[PDB]
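Next up: just one chain, as structure tokens, the form deposited in one PDB entry.
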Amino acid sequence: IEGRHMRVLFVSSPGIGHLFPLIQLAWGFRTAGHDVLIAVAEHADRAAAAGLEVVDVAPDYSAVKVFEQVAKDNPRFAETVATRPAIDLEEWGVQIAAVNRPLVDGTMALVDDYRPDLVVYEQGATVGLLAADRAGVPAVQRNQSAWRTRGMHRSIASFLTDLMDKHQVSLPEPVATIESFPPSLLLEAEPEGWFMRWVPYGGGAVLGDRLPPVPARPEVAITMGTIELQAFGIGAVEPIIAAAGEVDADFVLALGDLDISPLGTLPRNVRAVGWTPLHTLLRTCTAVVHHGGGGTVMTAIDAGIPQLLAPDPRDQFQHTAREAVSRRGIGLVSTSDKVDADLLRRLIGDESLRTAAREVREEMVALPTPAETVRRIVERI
């Protein structure tokens, strides 16, 4: 009555936010009785800490090697396209291809061994499509954000012809693409776009010997993901904290397990917390300021609170989230360097933002769950 047993292969290419949006679907297939395996090129430990079995298909993956490949393929990319904001993922085809290249041989061998009935791959992992073609099975894409796929896979695959030849693979189209963002957040559709409730996953955690306690007054969260902090430095969040110090409201600062001392003396209305999953933190928060890290927009939506997207102004991948948040009105958009007290008072006080966030939360939770989506994919294939 629940139908045949399947083997599902999940494929995640290196990149910010790529892996975690796959986790609910992976658990979804596993709890529905199917075999699940994840293929990654970096941080396989992260996938195994979600209770999953993982193969690292690129033992010799490295950023340094990626950049060398890009130089061999487009000697001008580094000091042209790579140095400016991005409008379309396809423009980055040469670099995304260099990222996917080290995964190809290991993934083809894995497909041959594992014989999956289905490949689920995150949007930047064109190797997942190649793997599906190798196996002769359907591929389902998972989007993490507002970026449209358009013709990116053709462009990416154009840099992998040697490997496609070697492995006797052609580039197929996915049978479905699972959005992270609800319809009203997107102006343009994916072909075969499916919508699914966003159920936050930021890793397991021992929270302590008790739940993190409810503050007197709900707090405004100030947060930045670890890799963003690594890229841009703690300085990126400093003017946000300074601006928060000038607002009559209470703030909670969540910079992971980073030593926050180089921020100097925190304003007395800003209190630091150690790491917990963001959804856990936002349970007790009135609004959130973030840097557009992986899953942040949708986790703030799950919380039903207004957000301020304030990436470092040097962040090149924020165009489409900026547009989604502004167009729907669930939040405000700035860069971290331009956040001031007036902007934060608008985040906290403008009821329109909260109304929209609430409406979009209702829209999002009326979408099929990951458990329902698994059943719908199983039906589709």
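Superpose the two forms; the largest set of C-alphas matching within 1.5 Å is the rigid core. The numbering used is simple: start at 1 and walk along the sequence shown.
This protein has a second form, the form deposited in another entry, left out of what is shown; the following refers to that one.
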query: From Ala303, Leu185, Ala157, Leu229, residue displaced between the shown form and the other one - CA threshold 2 Å or more, rigid core; finding: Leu229
query: C-alpha of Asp133 off by 2 Å or more between the shown form and the other one on rigid core; finding: no
query: Rigid core fit then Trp275 CA moved by 2 Å or more between the shown form and the other one; finding: yes
query: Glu238 C-alpha shift between the shown form and the other one of 2 Å or more, rigid core reference; finding: yes
query: Distance direction in the other entry for the C-alpha atoms of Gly256 and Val40, relative to the displayed form (3 angstroms or more); finding: closer
query: Cα separation of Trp275 and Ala47 in the other entry versus here, shift of 3 Å or more; finding: closer
